[PDB]
Amino acid sequence: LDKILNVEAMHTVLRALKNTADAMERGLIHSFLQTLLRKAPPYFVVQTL
Amino acid sequence: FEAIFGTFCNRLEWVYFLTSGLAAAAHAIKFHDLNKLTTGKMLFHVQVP
Amino acid sequence: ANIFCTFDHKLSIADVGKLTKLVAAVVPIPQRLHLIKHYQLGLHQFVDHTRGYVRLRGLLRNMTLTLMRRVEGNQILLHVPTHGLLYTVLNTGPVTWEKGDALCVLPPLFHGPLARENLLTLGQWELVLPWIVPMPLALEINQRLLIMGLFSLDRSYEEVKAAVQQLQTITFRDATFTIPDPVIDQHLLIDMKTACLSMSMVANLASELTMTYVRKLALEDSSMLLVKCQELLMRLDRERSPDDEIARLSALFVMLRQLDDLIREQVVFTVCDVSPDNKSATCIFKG
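Protein chains in written order, with UniProt numbering: chain A, 148 to 196; chain B, 50 to 98; chain C, 6 to 245, 260 to 306.
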């Protein structure tokens with residue numbers, strides 16, 4: 148009863164931690180894209196220059 | 050005389066569920082009874098990334 | 006000869022707990038199939054705005070009627086009765102049964118009721134059972150609906166309104182009903198209208214055909230019944260081409276054949292011993 152409840156709570160915390168780790172890596176991808184798009188001028192400016 | 054040469058019975062080809070490729074969209078599970086199963090419900094533990 | 010029935014919608018535990026009270030009662034079904042979906046079961050599929058009650062009686066007369074036996078997970082054990090053997094029923098009718106009567110089956114008259122079938126509903130569907138009333142009350146209330154519909158064409162007068170209010174009440178043993186009008190807002194329902202039209206026009210066709218046919222018949226061997234027949238016709242009157264008569268006689272027969280849900284009330288049960296609280300009664304299925 149006690150050990151199975153603590154293993155179930157460990158599984159809950161483990162699924163939440165894996166969710167948060169995936170969300171952090173997707174957030175790093177997203178913030179890198181949003182700081183790469185504010186560095187990218189359009190094609191006609193670079194082609195003219 | 051009136052001849053009767055050959056008598057032919059058609060051998061119809063059998064077809065089953067799991068031999069058919071339609072079973073790839075099916076997690077085919079056999080229970081025992083549904084005389085008491087009024088609401089046979091499955092719960093889910095999906096995750097949103 | 007056992008029938009099954011399944012519900013497509015989610016069926017709760019309260020709905021089964023209020024449905025299994027109706028463990029042995031009549032549930033008519035349109036076609037004697039071995040497995041029937043629940044939309045066809047009952048009488049909800051037939052009611053609408055324009056058509057009324059005599060349509061329900063006429064379609065229920067030609068419809069087979071079965072008995073509900075047991076409940077399961079999502080299959081319902083309907084069971085068609087056989088002629089001669091005896092079964093048990095419940096009393097959905099509002100009259101206390103007694104020994105040895107002859108039950109009829111008529112469509113229930115509380116359409117949009119205060120009981121509302123315990124809110125045993127699904128999405129745009131509801132279960133409804135016909136009343137099981139003994140025969141004198143059955144053809145009595147048939148006559149009551151009929152002459153309630155006859156007065157409906159001139160109801161602006163006030164003594165006929167009190168006559169209709171008398172007709173709306175009823176008497177039996179410890180039983181008072183209030184059967185509403187067929188008329189709502191200065192118009193009639195079409196099946197009730199065609200029923201009273203059929204009987205009034207077969208009465209008129211008799212009234213203007215018997216004066217021809219007593220002479221077209223009585224030139225054979227006359228009887229005392231025939232001179233008393235013309236006596237009846239002549240007291241009625243002094244109280245005041261082949262092509263047309265062939266249509267008169269054809270319309271006579273085919274319009275009297277539209278009262279067959281009224282002129283013949285066919286018995287469907289024979290009552291045996293009854294229960295205390297008078298809700299249950301073993302009985303013999305006839306017909």
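Idealized CB from N, CA, C, for every residue including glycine.
Should residue 102 of chain C be labelled buried (16 or more other beta-carbon atoms within 10 Å of its own) or exposed?
-> Buried, because 16 or more other Cβ atoms sit within 10 Å of the Cβ of residue 102 of chain C.
Straight-line gap, residue 147 of chain C to residue 141 of chain C (C-alpha atoms, nearest Å) | Each residue's CA atom was taken as its position, placing residue 147 of chain C and residue 141 of chain C some 10 Å apart.
Scan the region 161 to 190 of chain A for residues whose Cβ lies nearer than 9 Å to a Cβ of chain B and list them as they occur along the chain.
-> Cβ proximity to chain B below 9 Å picks out 162, 165, 166, 169, 170 and 173 from the region 161 to 190 of chain A.
Along the beta strand (DSSP E) that carries residue 292 of chain C, what are the first and last residues, could you check?
-> From DSSP, the beta strand (DSSP E) with residue 292 of chain C extends over 288 to 293.
Straight-line CA distance for residue 93 of chain B to residue 76 of chain C?
-> If you take the alpha carbons of residue 93 of chain B and residue 76 of chain C, they lie about 30 Å apart.
Within 8 Å, strictly: CB atoms of residue 157 of chain C and residue 193 of chain C = Cβ distance < 8 Å, so residue 157 of chain C and residue 193 of chain C count as in contact.
Can you say whether residue 8 of chain C is buried or exposed, counting buried as having 16 or more other CB atoms within 10 angstroms of its CB?
-> Under this definition residue 8 of chain C is a buried residue.
Residues near residue 91 of chain C in its chain [Cβ-Cβ closer than 8 Å; skip 5 each side] | Excluding sequence neighbours, residue 91 of chain C sits near 291, 301, 302, 303 and 304.
Presumed contact (8 Å Cβ cut-off) between residue 31 of chain C and residue 134 of chain C, rounded CB distance | That belief holds up - the Cβ atoms of residue 31 of chain C and residue 134 of chain C are roughly 7 Å apart, short of 8 Å.
Local Cβ density within 10 Å of residue 136 of chain C, reported as buried at 16 or more and exposed below that = Buried.
Pick from C/267, C/227 and C/163 that is closest to residue 211 of chain C, judged by C-alpha positions | For residue 211 of chain C, the nearest C-alpha among the options comes from C/267.
Select from C/121, C/262, C/215 and C/245 the residue whose C-alpha is nearest the C-alpha of residue 232 of chain C.
-> Looking at the Cα atoms, C/215 is the closest of the given residues.
For residue 58 of chain B, name the three-state secondary structure that DSSP assigns.
-> Reduced to three states, the DSSP call for residue 58 of chain B is coil.
Residue 79 of chain C at chain B interface by Cβ criterion, 8 Å = Nearest CB-CB separation between residue 79 of chain C and chain B: below the 8 Å threshold.
Check whether the region 275 to 295 of chain C touches the region 184 to 203 of chain C, taking contact to mean three or more Cβ pairs, one atom from each stretch, closer than 8 Å.
-> Contact between the region 275 to 295 of chain C and the region 184 to 203 of chain C is present, with at least three C-beta pairs closer than 8 Å.
Using a beta-carbon distance below 8 Å, is residue 16 of chain C in contact with chain B?
-> Residue 16 of chain C counts as touching chain B.
Which of helix, strand or coil DSSP assigns to residue 79 of chain C | If DSSP states are grouped into helix, strand and coil, residue 79 of chain C belongs with coil.
Sequence-distant residues of its chain with Cβ nearer than 8 Å to residue 25 of chain C (five each side left out) | So the list reads 76, once near-sequence residues are dropped.
Would you verify that the beta carbon of residue 290 of chain C is, or is not, closer than 8 Å to some beta carbon of chain B?
-> It does not: the Cβ of residue 290 of chain C has no partner Cβ on chain B nearer than 8 Å.
What are the start and end residues of the alpha helix (DSSP H) that includes residue 260 of chain C?
-> First-last for residue 260 of chain C: undefined, no H or E at that position.
Can you tell me which of the three DSSP states residue 172 of chain C falls into?
-> Correct three-state label for residue 172 of chain C: helix.
Range of the contiguous beta strand (DSSP E) that encloses residue 299 of chain C | Here the beta strand (DSSP E) through residue 299 of chain C covers 299 to 304.
Is the beta carbon of residue 58 of chain C sitting closer than 8 Å to the one on residue 132 of chain C?
-> At a Cβ-Cβ threshold of 8 Å, residue 58 of chain C and residue 132 of chain C do not count as neighbours.
So residue 175 of chain C packs on residue 184 of chain C, CB below 8 Å; how close in whole Å?
-> That belief holds up - the Cβ atoms of residue 175 of chain C and residue 184 of chain C are roughly 7 Å apart, short of 8 Å.
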